[PDB]
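Here's the structure we're looking at; comments come further down.
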Amino acid sequence: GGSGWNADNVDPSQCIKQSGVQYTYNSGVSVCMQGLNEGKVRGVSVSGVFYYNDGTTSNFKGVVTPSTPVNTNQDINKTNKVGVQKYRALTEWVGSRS
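No gaps in the numbering here: position 26 of the sequence shown is 26 in PDB author numbering, and each next residue is one more.
Structure below.
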């Protein structure tokens, strides 16, 4: 039987918003704390990759929690020197499978 709310009907891309170069958990949204409050979630996993025209890629993975933010501000001097061509971010629910 269906239990009602399913973290599957909520996109994790809207649960976490990126500000400048920082990631923060949006607890101001009832759905985001709905799963965290029931203990069916532990937060949202976010990964970021910086593509450098130098043909090199860096990948930093971390978990965004209302108490632990993730900064993509890795090496801006390298990016300001050559710049970033494509930027990709992946967001998945962390906790119960599916």
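The beta carbon of each residue, even a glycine, is placed where N, CA and C say it ideally should be.
In the DSSP assignment, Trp93 is bridged to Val44.
Separation of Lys86 and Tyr51 (C-alpha to C-alpha, rounded to the nearest whole angstrom) is 6 Å.
For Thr79, the closest alpha carbon among the candidates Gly62, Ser58, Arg97 is that of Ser58.
Assignment of alpha helix (DSSP H) within the region 15-69, counting only whole runs of 4 or more residues, yields 30-38 in chain order. Within the same chain, and ignoring the five residues on either side of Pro69 in sequence, the residues whose Cβ sits closer than 7 Å to its Cβ are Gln22, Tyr23, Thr24. The three-state reading of DSSP puts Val84 in strand, counting E and B together.
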